[PDB]
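Student: Please read through the structure below; I'll follow up with questions.
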Amino acid sequence: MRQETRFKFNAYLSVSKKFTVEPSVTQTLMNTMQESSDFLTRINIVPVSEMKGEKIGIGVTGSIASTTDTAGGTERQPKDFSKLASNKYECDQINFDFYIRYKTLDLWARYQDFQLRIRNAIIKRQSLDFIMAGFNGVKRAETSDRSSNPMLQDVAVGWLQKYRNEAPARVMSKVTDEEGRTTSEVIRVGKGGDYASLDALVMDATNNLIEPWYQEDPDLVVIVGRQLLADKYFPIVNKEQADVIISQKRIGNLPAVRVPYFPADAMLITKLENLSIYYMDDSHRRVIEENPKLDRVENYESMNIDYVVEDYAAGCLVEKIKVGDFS
Amino acid sequence: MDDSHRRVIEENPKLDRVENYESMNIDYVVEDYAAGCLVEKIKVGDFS
Amino acid sequence: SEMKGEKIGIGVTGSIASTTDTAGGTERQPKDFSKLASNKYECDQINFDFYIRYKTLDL
Amino acid sequence: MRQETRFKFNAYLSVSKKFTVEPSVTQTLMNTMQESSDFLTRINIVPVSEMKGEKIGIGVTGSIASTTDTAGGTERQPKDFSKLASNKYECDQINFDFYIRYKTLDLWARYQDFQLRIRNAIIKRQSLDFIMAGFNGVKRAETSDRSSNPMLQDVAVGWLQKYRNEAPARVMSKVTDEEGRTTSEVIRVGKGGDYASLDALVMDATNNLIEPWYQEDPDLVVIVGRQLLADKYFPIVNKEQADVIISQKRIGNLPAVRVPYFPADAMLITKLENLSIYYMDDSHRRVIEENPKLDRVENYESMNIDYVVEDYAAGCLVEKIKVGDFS
Amino acid sequence: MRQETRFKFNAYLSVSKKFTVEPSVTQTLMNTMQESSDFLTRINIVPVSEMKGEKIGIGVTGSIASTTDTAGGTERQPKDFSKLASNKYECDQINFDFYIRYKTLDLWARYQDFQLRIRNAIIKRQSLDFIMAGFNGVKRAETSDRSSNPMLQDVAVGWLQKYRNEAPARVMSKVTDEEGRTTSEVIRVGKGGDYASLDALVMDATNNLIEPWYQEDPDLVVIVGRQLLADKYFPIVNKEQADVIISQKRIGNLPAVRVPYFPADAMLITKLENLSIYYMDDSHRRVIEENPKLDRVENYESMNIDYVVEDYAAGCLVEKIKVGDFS
Amino acid sequence: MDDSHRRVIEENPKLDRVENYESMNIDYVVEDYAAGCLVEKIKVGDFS
């Protein structure tokens with residue numbers, strides 16, 4: 001439709017898993033950071049060349065077929081191919097900034113091969129930081145302080161908050177009644193609670209909430225923290241009588257993965273290629289400084305990113321889970 | 001009217017058909033009003 | 001090559017010969033040659049518009 | 001629209017009375033059978049390459065002209081070019097099968113030039129059979145017996161039955177009244193009947209029933225049997241007083257033809273290129289056999305055909321005609 | 001669209017003020033006539049090749065921009081580019097024809113260079129005649145007499161009558177009331193009349209009548225006769241006291257021009273390129289004659305023209321203006 | 001059905017979209033009605 005795009009389409013007429021445009025520095029750094037960890041491998045880190053606009057669709061499927069009597073009657077109105085619920089992403093900047101003291105710098109520089117170790121260390125410290133900030137982080141507020149927000153809850157809006165304030169009716173936070181708007185503030189799961197066990201929970205959740213299309217899919221994952229998983233699998237091992245059941249770690253007929261710093265009282269069921277992060281093409285600005293006022297060598301780096309779930313009707317999350325007995 | 005004949009063809013797969021439009025310019029005319037008459041309302045049959 | 005003009009007279013006859021007293025004082029009156037009533041006309045447009053269906057086209 | 005068809009149409013952009021596709025055996029046999037008789041010459045025998053679908057149009061005419069103020073107003077909706085009443089043909093097989101006894105075979109083979117005579121004889125026996133079965137033959141029933149159906153009334157649905165059970169209100173079978181649904185079962189035509197003579201009958205029939213388009217046509221024929229034609233022209237000759245009136249044989253200001261085995265009590269007014277027969281391209285399967293159990297040499301042949309009237313609004317037929325006096 | 005038009009348009013895809021079709025005889029004469037006077041220079045004399053059609057749009061503007069939600073909703077319907085109020089011109093012939101007496105011709109033939117002088121004289125006599133006939137001339141009537149119509153007001157329909165009959169509500173000729181259909185016959189302008197002075201008149205007229213598009217335009221002129229201009233500018237100069245105001249002659253904050261024979265009791269506000277005259281391409285037919293029956297050499301010349309103002313909503317005129325005191 | 005696959009693409013800027021139509025001819029069929037059965041209305045659970 002545009003000049004180059006019209007040419008490419010006319011040419012269409014007459015690895016395919018990740019997206020590249022041109023070899024630059026920020027793309028290379030992002031690719032390195034992805035290859036570092038393992039969880040970033042199973043996710044889409046997309047470079048975009050715009051400050052605000054439309055998102056692309058990945059793993060979206062909609063039934064497109066019908067039959068119409070074109071012979072003397074109505075016409076054929078085609079259905080849309082990529083029409084999602086709501087799609088408007090807004091990329092924003094976040095920046096890291098640190099310093100090394102002269103003493104520690106000298107101690108490290110004494111031995112050989114220190115630059116490579118420092119590079120690998122900062123890359124590893126950065127990737128896990130992306131994850132931790134993404135899964136937490138209700139809202140973004142300028143001049144973020146790390147006094148009362150140690151879990152990094154103020155950098156940018158995360159996937160969970162995206163689900164919370166962008167597409168409600170896909171979350172579960174209370175047991176209610178037609179007269180009792182809050183019959184139960186917390187979803188008790190136990191012998192006497194509102195469920196039998198986590199299996200029935202994830203089962204009826206994946207039955208009711210998510211759409212019938214993705215419901216029948218060869219790929220679904222139940223992202224859950226570490227406290228809840230261990231709380232479920234501990235009473236199994238604490239018995240007297242088969243140990244393979246600790247290797248696969250399936251719950252509710254669905255494979256389970258665990259990511260660090262995930263909130264303990266919630267779990268999100270979705271396909272692992274549906275959520276993604278977008279980053280501006282060339283915004284990785286990095287500067288050094290060697291001020292002696294505090295005898296420290298400091299550095300600043302800034303990058304423009306934005307987390308985004310592609311199709312909100314893909315997965316759903318349950319929040320405020322509490323296991324007990326409730327006699 | 002000479003040099004007035006516009007023929008175009010369209011192919012709209014929205015319906016399953018191929019359309020064709022043609023436009024010309026004509027007018028009928030009797031040369032002379034003499035050498036011609038006509039009778040209009042007749043009814044052959046029988047009467048009293 | 002134009003509209004609202006004159007009717008090209010094809011197949012029109014008549015009687016043109018006569019006689020006059022040219023010496024008495026009168027003069028020869030040249031009766032018209034193409035004498036017609038309401039020699040004007042016009043032109044209008046007419047269009048044929050039709051579609052052929054795919055199946056029959058294949059046939 | 002299809003590949004070859006799209007190419008042929010694009011080429012269109014930048015004898016014409018019969019249809020051929022490719023030189024094959026069944027087409028050659030059908031052409032020979034047509035050239036044999038005379039009535040088959042004035043009819044369309046069309047080869048088709050499908051077991052079921054749409055029929056082609058021949059001799060169909062519909063007024064296509066208007067004028068529309070495209071300048072600031074409505075648009076131009078084109079009218080259809082070939083849209084008939086109902087059009088869905090279904091080809092089916094019929095087969096001939098006979099045998100020659102050894103005695104007759106020997107007697108014939110004794111004299112020279114016997115194969116050509118046999119071929120011409122069977123072709124002649126087959127063409128007239130096509131006609132006889134086409135004009136008669138209400139319905140098709142498997143395992144057709146020739147005990148009580150000597151007029152070949154069980155092979156396939158014929159043109160007359162097509163008119164009867166496909167497009168009613170184009171037939172005439174009873175004189176009725178608003179209170180008497182059957183005021184007269186049979187259409188009496190005589191000095192005291194419901195008419196004056198056959199001329200007035202065919203006249204008001206061609207006035208009322210058939211459509212105004214084909215009504216004003218340079219080609220129309222009144223197909224009638226032999227008994228009725230002779231019954232009409234006999235009292236003319238049986239008088240005492242010009243003999244050319246037997247050569248042209250016009251009735252009701254329309255030329256008249258007669259075909260063998262046509263039902264005596266009916267007549268059909270229509271143009272002689274409106275009705276037709278379709279046949280599959282390659283279905284003429286023929287096998288020989290020389291079993292001595294009954295000392296006869298037999299042969300079987302099968303062909304897939306279907307009779308079809310193209311546009312039902314072309315002609316109309318009157319049925320159950322009876323001439324008398326009716327004082 | 002047409003052959004030549006489609007070719008030229010396809011070429012377009014892949015002095016600019018006057019129109020020339022082809023070098024001919026009538027176009028050349030019209031050009032040499034226009035070059036004579038100054039008023040004809042600031043006007044469009046267009047050659048057309050049709051006896052009746054639609055008028056070329058010159059100096060027409062409008063509001064064409066818009067914005068529509070194409071994303072899942074309504075479509076884009078373009079507005080027309082050139083759609084005026086009423087556009088149907090009808091050209092027809094007029095003819096002037098004079099004669100020279102033998103005495104005067106014999107006298108002129110003595111001094112050399114007489115043919116050129118006669119040619120220039122007749123050209124000047126025709127140009128001013130076009131003007132005078134165009135601005136006057138309510139209606140056309142065959143066999144036009146020149147006894148009771150000395151101002152040449154019977155040749156053809158003029159611009160003023162065009163405004164009068166084709167598009168009312170753009171002309172003001174009476175001050176009325178809801179009960180008084182004619183409270184005052186003429187628009188009295190004076191110390192006690194219906195207006196303060198001509199300036200306020202033309203000011204509120206150009207405020208109300210004409211359209212807001214042309215209302216704000218750098219090209220507007222108030223065509224007025226000679227009597228009214230002098231009536232307005234005489235009491236100013238007839239004082240005792242600032243003498244350059246006679247140079248430009250602006251009224252109502254608008255430049256004013258004067259043309260001969262313009263009706264004294266009316267004025268017309270509009271742009272000077274909005275009104276125009278069309279003429280047939282090849283209709284200038286001329287013949288000579290030397291009959292001594294009245295010893296005079298006569299000539300007959302005929303040309304097919306038609307006056308036309310392009311967009312009626314461009315300018316407006318006021319009629320029956322009377323200046324006085326009205327105590 | 002072989003040789004029945006019609007694909008056309010249209011570009012109508014009247015809306016801001018590019019349309020694509022494709023038509024094919026298919027029919028599902030079970031080979032033999034033997035070697036196959038099905039149970040339709042079941043409900044696992046508990047009863048009296």
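All residue names refer to the structure tokens as shown: chains lettered A, B, ... in order, residues numbered from 1 in each chain, ligands numbered from 1 in order.
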For residue 7 of chain F, work out the shell of residues within 8 Å, counting only C-alpha atoms and skipping chain neighbours fewer than 3 positions away, then give it as a ChimeraX atom specification.
Tutor: /F:20-23
Student: Per residue of chain C within 12 Å of chain F, note the shortest atom pair and the distance in Å to one decimal, counting only C-alpha atoms, and order the rows by chain and increasing residue number, as a tab-separated table.
Tutor:
residue	atom	partner	partner_atom	distance
C:54	CA	F:6	CA	10.9
C:55	CA	F:4	CA	11.8
C:58	CA	F:4	CA	11.7
Student: Fit chain F to chain B: least squares, all C-alpha atoms, paired in order; write the output as a tab-separated table (two decimals) with N, CA and C atoms, in the first residue's frame.
Tutor:
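Below you can see result_24.tsv, which holds the result:
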chain	number	residue	atom	x	y	z
F	1	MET	N	-25.93	9.21	-33.24
F	1	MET	CA	-24.90	10.23	-33.10
F	1	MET	C	-23.52	9.60	-33.20
F	2	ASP	N	-22.75	10.05	-34.18
F	2	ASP	CA	-21.45	9.45	-34.43
F	2	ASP	C	-20.52	9.65	-33.24
F	3	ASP	N	-19.57	8.73	-33.11
F	3	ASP	CA	-18.54	8.79	-32.08
F	3	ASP	C	-19.14	8.90	-30.68
F	4	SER	N	-20.22	8.14	-30.45
F	4	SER	CA	-20.82	8.04	-29.12
F	4	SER	C	-21.18	6.57	-28.92
F	5	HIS	N	-20.21	5.81	-28.41
F	5	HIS	CA	-20.43	4.39	-28.11
F	5	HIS	C	-19.41	4.00	-27.05
F	6	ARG	N	-19.85	3.95	-25.80
F	6	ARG	CA	-18.98	3.67	-24.67
F	6	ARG	C	-19.27	2.28	-24.14
F	7	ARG	N	-18.29	1.39	-24.22
F	7	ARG	CA	-18.43	0.02	-23.76
F	7	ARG	C	-17.36	-0.26	-22.72
F	8	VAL	N	-17.78	-0.68	-21.53
F	8	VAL	CA	-16.87	-1.03	-20.46
F	8	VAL	C	-17.33	-2.35	-19.85
F	9	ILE	N	-16.38	-3.11	-19.32
F	9	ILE	CA	-16.67	-4.38	-18.66
F	9	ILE	C	-16.01	-4.37	-17.29
F	10	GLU	N	-16.75	-4.83	-16.29
F	10	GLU	CA	-16.26	-4.88	-14.92
F	10	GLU	C	-16.36	-6.31	-14.41
F	11	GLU	N	-15.48	-6.64	-13.47
F	11	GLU	CA	-15.41	-7.99	-12.90
F	11	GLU	C	-15.38	-7.83	-11.38
F	12	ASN	N	-16.55	-7.88	-10.75
F	12	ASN	CA	-16.68	-7.70	-9.31
F	12	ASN	C	-16.92	-9.05	-8.65
F	13	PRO	N	-15.89	-9.70	-8.13
F	13	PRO	CA	-16.08	-11.03	-7.53
F	13	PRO	C	-16.88	-10.98	-6.24
F	14	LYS	N	-17.24	-9.78	-5.78
F	14	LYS	CA	-18.12	-9.66	-4.63
F	14	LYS	C	-19.39	-10.48	-4.84
F	15	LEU	N	-20.00	-10.36	-6.01
F	15	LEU	CA	-20.93	-11.34	-6.52
F	15	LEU	C	-20.20	-12.22	-7.52
F	16	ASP	N	-20.82	-13.31	-7.92
F	16	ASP	CA	-20.16	-14.26	-8.81
F	16	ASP	C	-20.58	-13.98	-10.25
F	17	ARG	N	-20.20	-12.80	-10.75
F	17	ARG	CA	-20.67	-12.39	-12.06
F	17	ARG	C	-19.72	-11.38	-12.67
F	18	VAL	N	-19.82	-11.24	-13.99
F	18	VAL	CA	-19.03	-10.29	-14.77
F	18	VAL	C	-20.01	-9.39	-15.51
F	19	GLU	N	-19.91	-8.08	-15.27
F	19	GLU	CA	-20.88	-7.13	-15.80
F	19	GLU	C	-20.32	-6.41	-17.02
F	20	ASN	N	-21.23	-5.93	-17.86
F	20	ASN	CA	-20.87	-5.23	-19.09
F	20	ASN	C	-21.88	-4.12	-19.32
F	21	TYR	N	-21.38	-2.89	-19.47
F	21	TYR	CA	-22.21	-1.72	-19.77
F	21	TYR	C	-21.85	-1.17	-21.14
F	22	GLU	N	-22.87	-0.76	-21.89
F	22	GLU	CA	-22.68	-0.14	-23.19
F	22	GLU	C	-23.69	0.99	-23.34
F	23	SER	N	-23.24	2.12	-23.86
F	23	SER	CA	-24.10	3.28	-24.02
F	23	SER	C	-23.92	3.87	-25.40
F	24	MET	N	-25.05	4.16	-26.06
F	24	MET	CA	-25.05	4.75	-27.39
F	24	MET	C	-26.05	5.90	-27.41
F	25	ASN	N	-26.05	6.66	-28.50
F	25	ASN	CA	-26.91	7.82	-28.65
F	25	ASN	C	-27.68	7.71	-29.95
F	26	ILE	N	-29.00	7.62	-29.86
F	26	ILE	CA	-29.86	7.44	-31.02
F	26	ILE	C	-31.10	8.30	-30.89
F	27	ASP	N	-31.77	8.51	-32.02
F	27	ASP	CA	-33.11	9.09	-32.04
F	27	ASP	C	-33.86	8.62	-33.27
F	28	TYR	N	-35.10	8.19	-33.07
F	28	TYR	CA	-35.97	7.80	-34.17
F	28	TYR	C	-36.55	9.05	-34.83
F	29	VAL	N	-36.83	8.94	-36.12
F	29	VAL	CA	-37.41	10.07	-36.83
F	29	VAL	C	-38.14	9.61	-38.09
F	30	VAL	N	-39.33	10.15	-38.30
F	30	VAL	CA	-40.04	9.98	-39.56
F	30	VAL	C	-39.58	11.07	-40.51
F	31	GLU	N	-39.22	10.68	-41.74
F	31	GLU	CA	-38.66	11.64	-42.68
F	31	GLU	C	-39.67	12.73	-43.02
F	32	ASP	N	-40.78	12.35	-43.64
F	32	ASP	CA	-41.82	13.30	-44.00
F	32	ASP	C	-43.12	12.87	-43.35
F	33	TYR	N	-43.84	13.83	-42.76
F	33	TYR	CA	-45.12	13.51	-42.16
F	33	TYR	C	-46.18	13.20	-43.21
F	34	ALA	N	-45.96	13.63	-44.45
F	34	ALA	CA	-46.75	13.12	-45.55
F	34	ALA	C	-46.34	11.68	-45.84
F	35	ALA	N	-46.99	11.08	-46.83
F	35	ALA	CA	-46.74	9.68	-47.19
F	35	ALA	C	-46.88	8.76	-45.99
F	36	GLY	N	-47.74	9.11	-45.05
F	36	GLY	CA	-47.93	8.26	-43.89
F	36	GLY	C	-49.10	8.65	-43.01
F	37	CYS	N	-49.94	7.67	-42.69
F	37	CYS	CA	-51.03	7.84	-41.75
F	37	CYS	C	-51.16	6.56	-40.94
F	38	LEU	N	-51.97	6.60	-39.89
F	38	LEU	CA	-52.17	5.41	-39.08
F	38	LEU	C	-53.54	5.43	-38.44
F	39	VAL	N	-54.12	4.24	-38.29
F	39	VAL	CA	-55.36	4.04	-37.55
F	39	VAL	C	-55.02	3.28	-36.28
F	40	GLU	N	-55.60	3.71	-35.16
F	40	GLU	CA	-55.15	3.26	-33.85
F	40	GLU	C	-56.12	2.31	-33.17
F	41	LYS	N	-57.35	2.73	-32.93
F	41	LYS	CA	-58.29	1.95	-32.12
F	41	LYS	C	-59.34	1.34	-33.03
F	42	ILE	N	-59.14	0.08	-33.40
F	42	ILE	CA	-60.10	-0.67	-34.20
F	42	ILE	C	-60.50	-1.91	-33.41
F	43	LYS	N	-61.64	-2.49	-33.80
F	43	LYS	CA	-62.11	-3.73	-33.19
F	43	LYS	C	-63.00	-4.44	-34.20
F	44	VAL	N	-62.45	-5.45	-34.87
F	44	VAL	CA	-63.21	-6.22	-35.84
F	44	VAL	C	-64.18	-7.14	-35.11
F	45	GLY	N	-65.33	-7.38	-35.72
F	45	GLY	CA	-66.32	-8.25	-35.11
F	45	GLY	C	-67.69	-8.15	-35.73
F	46	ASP	N	-68.72	-7.99	-34.89
F	46	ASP	CA	-70.09	-7.89	-35.36
F	46	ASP	C	-70.84	-6.92	-34.46
F	47	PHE	N	-71.88	-6.30	-35.01
F	47	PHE	CA	-72.69	-5.33	-34.29
F	47	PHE	C	-74.14	-5.44	-34.73
F	48	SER	N	-75.00	-4.66	-34.08
F	48	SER	CA	-76.42	-4.66	-34.38
F	48	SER	C	-76.69	-4.15	-35.79
Student: Enter the distance from atom CA of residue 114 of chain A to atom CA of residue 293 of chain A, in Å, rounded to one decimal.
Tutor: 25.0 Å
Student: Write down as an NGL selection string the residues of segment 146-325 of chain A whose backbone DSSP state falls under strand (DSSP E).
Tutor: :A and (171-172 or 187-190 or 221-224 or 250-251 or 254-258 or 266-270 or 275-280 or 285-289 or 296-309 or 316-319 or 321-324)
Student: Set the cut-off to 12 Å and count only C-alpha atoms: what are the residues of chain A that reach chain F? Output as a CSV table (one decimal) with N, CA, C and O atoms, in the first residue's frame.
Tutor:
chain,number,residue,atom,x,y,z
A,1,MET,N,0.8,-1.2,0.0
A,1,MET,CA,0.0,0.0,0.0
A,1,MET,C,0.9,1.2,0.0
A,1,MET,O,0.6,2.2,-0.8
A,6,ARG,N,3.8,-1.7,-1.4
A,6,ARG,CA,3.1,-2.1,-2.7
A,6,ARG,C,4.0,-2.9,-3.6
A,6,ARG,O,3.6,-3.9,-4.2
A,9,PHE,N,4.2,-6.4,-2.1
A,9,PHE,CA,3.0,-7.1,-2.3
A,9,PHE,C,2.9,-7.6,-3.8
A,9,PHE,O,2.5,-8.7,-4.1
A,10,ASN,N,3.2,-6.7,-4.7
A,10,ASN,CA,3.2,-7.1,-6.1
A,10,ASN,C,4.2,-8.2,-6.4
A,10,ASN,O,4.0,-9.1,-7.2
A,13,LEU,N,2.6,-11.5,-5.2
A,13,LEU,CA,1.6,-12.0,-6.2
A,13,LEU,C,2.3,-12.8,-7.3
A,13,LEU,O,2.1,-14.0,-7.4
A,64,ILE,N,-12.8,-18.8,9.7
A,64,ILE,CA,-13.2,-18.0,8.5
A,64,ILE,C,-13.7,-18.9,7.4
A,64,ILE,O,-12.9,-19.4,6.6
A,65,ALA,N,-15.0,-19.2,7.4
A,65,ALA,CA,-15.6,-20.0,6.3
A,65,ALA,C,-17.1,-19.8,6.4
A,65,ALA,O,-17.6,-19.6,7.5
A,66,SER,N,-17.7,-19.9,5.2
A,66,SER,CA,-19.2,-19.9,5.1
A,66,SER,C,-19.6,-20.3,3.7
A,66,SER,O,-18.8,-20.9,3.0
A,67,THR,N,-20.8,-20.2,3.4
A,67,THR,CA,-21.4,-20.5,2.1
A,67,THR,C,-22.5,-19.5,1.8
A,67,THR,O,-23.4,-19.4,2.7
A,68,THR,N,-22.5,-18.9,0.7
A,68,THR,CA,-23.5,-17.9,0.3
A,68,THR,C,-24.0,-18.1,-1.1
A,68,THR,O,-23.2,-18.5,-2.0
A,76,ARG,N,-21.1,-11.5,-0.9
A,76,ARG,CA,-20.2,-12.1,0.0
A,76,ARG,C,-19.4,-11.0,0.8
A,76,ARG,O,-18.6,-10.3,0.2
A,77,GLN,N,-19.8,-10.9,2.0
A,77,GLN,CA,-19.1,-9.9,2.9
A,77,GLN,C,-17.9,-10.6,3.6
A,77,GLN,O,-18.2,-11.5,4.5
A,78,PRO,N,-16.7,-10.4,3.3
A,78,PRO,CA,-15.6,-11.1,3.9
A,78,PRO,C,-15.4,-10.7,5.4
A,78,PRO,O,-15.7,-9.5,5.8
A,79,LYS,N,-15.0,-11.6,6.2
A,79,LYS,CA,-14.7,-11.3,7.6
A,79,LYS,C,-13.3,-10.9,7.8
A,79,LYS,O,-12.4,-11.1,7.0
A,80,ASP,N,-13.1,-10.1,8.8
A,80,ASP,CA,-11.7,-9.6,9.1
A,80,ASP,C,-10.8,-10.7,9.4
A,80,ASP,O,-11.2,-11.8,10.0
A,81,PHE,N,-9.5,-10.5,9.1
A,81,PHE,CA,-8.5,-11.6,9.3
A,81,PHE,C,-7.8,-11.4,10.6
A,81,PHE,O,-7.5,-12.3,11.3
A,82,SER,N,-7.5,-10.1,11.0
A,82,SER,CA,-6.8,-9.8,12.2
A,82,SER,C,-7.5,-8.6,12.9
A,82,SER,O,-7.2,-7.5,12.7
Student: I'd like the contact shell of residue 28 of chain C - 12 Å cut-off, only C-alpha atoms, skipping same-chain residues fewer than 5 positions apart - returned as a list in words.
Tutor: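 Non-adjacent residues within range: residues 16, 17, 18, 19, 20, 21, 22 and 23 of chain C.
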Student: Include N, CA and C atoms and write out the residues we just selected as a PDB file, in the first residue's frame.
Tutor:
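Resulting contents of out.pdb:
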ATOM      1  N   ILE C  16     -42.810  21.066 -58.786  1.00  0.00           N
ATOM      2  CA  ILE C  16     -42.096  22.335 -58.759  1.00  0.00           C
ATOM      3  C   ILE C  16     -42.391  23.213 -59.968  1.00  0.00           C
ATOM      4  N   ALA C  17     -42.764  22.641 -61.107  1.00  0.00           N
ATOM      5  CA  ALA C  17     -42.970  23.447 -62.298  1.00  0.00           C
ATOM      6  C   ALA C  17     -44.264  24.244 -62.199  1.00  0.00           C
ATOM      7  N   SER C  18     -44.261  25.417 -62.822  1.00  0.00           N
ATOM      8  CA  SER C  18     -45.432  26.281 -62.850  1.00  0.00           C
ATOM      9  C   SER C  18     -45.298  27.225 -64.033  1.00  0.00           C
ATOM     10  N   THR C  19     -46.151  28.245 -64.052  1.00  0.00           N
ATOM     11  CA  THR C  19     -46.122  29.267 -65.086  1.00  0.00           C
ATOM     12  C   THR C  19     -46.616  30.584 -64.508  1.00  0.00           C
ATOM     13  N   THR C  20     -46.047  31.688 -64.992  1.00  0.00           N
ATOM     14  CA  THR C  20     -46.356  33.011 -64.470  1.00  0.00           C
ATOM     15  C   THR C  20     -46.374  34.024 -65.603  1.00  0.00           C
ATOM     16  N   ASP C  21     -47.112  35.113 -65.389  1.00  0.00           N
ATOM     17  CA  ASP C  21     -47.184  36.209 -66.354  1.00  0.00           C
ATOM     18  C   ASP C  21     -46.025  37.162 -66.078  1.00  0.00           C
ATOM     19  N   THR C  22     -44.872  36.832 -66.659  1.00  0.00           N
ATOM     20  CA  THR C  22     -43.663  37.598 -66.382  1.00  0.00           C
ATOM     21  C   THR C  22     -43.732  38.994 -66.986  1.00  0.00           C
ATOM     22  N   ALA C  23     -44.512  39.166 -68.055  1.00  0.00           N
ATOM     23  CA  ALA C  23     -44.561  40.462 -68.720  1.00  0.00           C
ATOM     24  C   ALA C  23     -45.596  41.376 -68.080  1.00  0.00           C
TER      25      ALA C  23
END
Student: Show me, as a tab-separated table, the residues of chain E having an atom within 9 Å of chain C, each with the closest atom pair and its distance in Å, using only C-alpha atoms.
Tutor:
residue	atom	partner	partner_atom	distance
E:50	CA	C:2	CA	7.2
E:51	CA	C:3	CA	7.2
E:52	CA	C:3	CA	8.2
Student: Any chance you can output those residues with C-alpha atoms as a short mmCIF file (atom, residue, chain, number, x, y, z; two decimals), in the first residue's frame?
Tutor:
data_model
loop_
_atom_site.label_atom_id
_atom_site.label_comp_id
_atom_site.auth_asym_id
_atom_site.auth_seq_id
_atom_site.Cartn_x
_atom_site.Cartn_y
_atom_site.Cartn_z
CA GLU E 50 -21.37 21.90 -29.53
CA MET E 51 -24.80 23.41 -30.01
CA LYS E 52 -25.83 22.50 -26.45
#
Student: Calculate how many Å separate atom CA of residue 131 of chain E from atom CA of residue 308 of chain E, rounding to one decimal.
Tutor: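 About the pair atom CA of residue 131 of chain E and atom CA of residue 308 of chain E: they are 13.1 Å apart.
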